[PDB]
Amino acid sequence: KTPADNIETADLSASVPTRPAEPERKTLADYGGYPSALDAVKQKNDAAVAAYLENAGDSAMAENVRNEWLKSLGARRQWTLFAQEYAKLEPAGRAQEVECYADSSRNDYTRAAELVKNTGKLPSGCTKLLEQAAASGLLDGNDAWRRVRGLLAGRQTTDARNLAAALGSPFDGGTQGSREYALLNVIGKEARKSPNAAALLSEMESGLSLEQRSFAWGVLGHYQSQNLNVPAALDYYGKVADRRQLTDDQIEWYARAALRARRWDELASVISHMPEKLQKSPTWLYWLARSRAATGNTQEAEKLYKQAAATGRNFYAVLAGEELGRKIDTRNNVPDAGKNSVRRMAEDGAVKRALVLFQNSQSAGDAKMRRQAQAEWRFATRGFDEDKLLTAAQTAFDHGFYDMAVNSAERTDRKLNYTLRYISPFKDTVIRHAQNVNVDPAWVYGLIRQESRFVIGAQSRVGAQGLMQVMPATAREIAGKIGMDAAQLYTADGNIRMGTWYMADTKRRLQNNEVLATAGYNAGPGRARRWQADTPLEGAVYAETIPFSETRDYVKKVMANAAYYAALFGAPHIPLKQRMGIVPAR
C-alpha cells in the first residue's frame, strides 16, 4: 500500500542546551536565601549580597539580585565594585537602568539619543545619564526640551527641573526653562481640564515659541480626546503647528479622535507625522490601510493590510487578514516536539532549575516561589532558537507550567504551534460553566488566557484573583446574588463560576453586547457605558478609543484570543470583524 502513504517527512531540531545541572537541594537552598539577599540590597549590606552571590548557581535568582545590587551601587557611585559585578551579567540579562549607570560611569552617552525621545519617567540611572549628556551638550535640544515638557505634563516636576538646569536654563533662571515651567498654568494635570484652559492658552500664545504652543495645544487635545469630547479634541489638536512636538500618547490620541469622527484624511495625515516606530505598529498600519480604502486609494490599502497582517498573532493582524480575504488558520506549520527532545530539554540545568522551583511551589503552596520559577524559565529560554522554544513549550505543558508553555510558544515568529500558543486546560470545568450562562466558550478561554495565562493562583497587585481575575469586592457582590460564599473566589471551580456568571451579568447590563461586556469586566460597567457615543460605533473603533490603556489593550487581546480559540474549537466560523460588530449608541 498505497498512494496516500506517500507523505513527506518534517522535523524540528533535536538540539537542546546541556548547561550544567545542580541538585534540587542546591536550587532550594539558593531560593531560601533569595528574599534575604534582596533585603540586603535595600539595606545596603553589600557584604551580605556578595556572600549570597559568591556560590550561587548561574540562575535568575543571581541575575535578579546582581541587577538590583548594581542599581544600588550605581546610585552610590561604587564604581569599582559596580564594574566587577556588571561584567558578570549576560548582556541580555542586564537591566535597563544598570546599562545606563555602566555607560554614564564611562562617560559614554551613546544611548542618550534614543533615551531622550522618551517623554515619561525613566529609572534614576537613565534619568541621570540624560542629565549628564545635556550638561555636556550631547543632546539634541529639540528632543531635550520636548522631554522637559513631557515630564512637566506627567507630574515629574523634579526630573523636568533637573533636566532644564542641565540644559543651562533652570526653572528659576528667567530664561526658556522658566517659561516652560510657567506653562503649567495650562498644561498641569488639573489645569488642562479647566473650562478656561483653551482661553488662557489662546491669550498667551503670541508669547510662546512654536514648540511650546504645539505642545500645549497637544496637552489640551489629549485631555479632550481621552475624555471622549471628539469635536473639542479635534479643534485643539488642529491648532498644533508642529505635530512632531507631541508626545507619543498625545499623537496617538489625535489619531484616535480622527478615527472616532471617521475623518479619514485627517487620520492619514496624523499617522504620517508619527515616529516610524508608531507608523509600523499593527494599530497604525491597519488604520492607515482603512483610511486609504475609504479614500479610494485601493492598491495602497492592500499593501498596508499585508504589512499589518505580517505582524503576527494580534488583533489588528487578524483584521487586516480579513480585509485581504484571509481567514484565521490555526493549523500548525511545524511538527510536534519529539519526546526524546522534550526529556533532554528538561535535563538542561537552567530548565531543570525552573521546573524544580515550579514543582516545589505546587507541593509547598508557595506563590512567591512560583513567581521566581517563572523568572527562571524566562532566563533559561532566553536566546533559544524557534525549535528549542517549541520544545521547551511542550516541556512546560507536560509539567503543568501552563503560563510558561504559552510564554515559550509565543516567542517564535515563523514556526507556529497554535495548540501551545492557545492552550485550553480545564475544559471539564470552563465549558460547563460557560454553557450554564449561555456565553461563548471561546470568549471565556480568550479572557482567561489574557487574565491569568491559566495560572490558578494568579493575583494582581490590586488583588484580582485566580483564573478569571475577579476582584474580592466583586466576588462578594456575586456571592450575595448566586448563593455562594465569597471565599469560593479562591478555588478554581468557584472562580470559573463567578467569572463566567459575571461576564454574562455584565453583558446583560451593557445592552447584551460582547465588546462592552469585555470592557466592563475589566473597568466596570459604569466606565464601559460612559465610553459609548451617542451614535453607534464600529467595535474596533470603540476598542481603540477606550480611554484607559489597560482596558484598551485588554479588550483587543481578549477578542483576538477568542478568535483563535473559536478556530481551535471548530465552532462555525465568526470573523473577528463580526465578533467586534457594532457597539450601540447611548
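Just count from 1 along the sequence shown to find any residue number.
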property	result
Residue range whose averaged C-alpha B-factor is higher in the record, 437-445 or 305-313	305-313
560-568 versus 21-29 - greater average Cα B-factor per the deposited record	21-29
Residue with maximal Cα B-factor (values as given in the PDB entry) among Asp485, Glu131, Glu410, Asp403	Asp485
Residue selected from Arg509, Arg461, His222, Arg256 by maximal Cα B factor	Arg461
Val41 by Cα B-factor - lowest, middle or highest third of the modelled chain	middle
Third of the chain's Cα B-factor distribution that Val583 belongs to, per the entry	lowest
Chain-wide C-alpha B factor ranking for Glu252, given as lowest, middle or highest third	lowest
Third of chain Cα B-factors occupied by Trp264	middle
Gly74, C-alpha B-factor rank within chain (lowest, middle or highest third)	middle
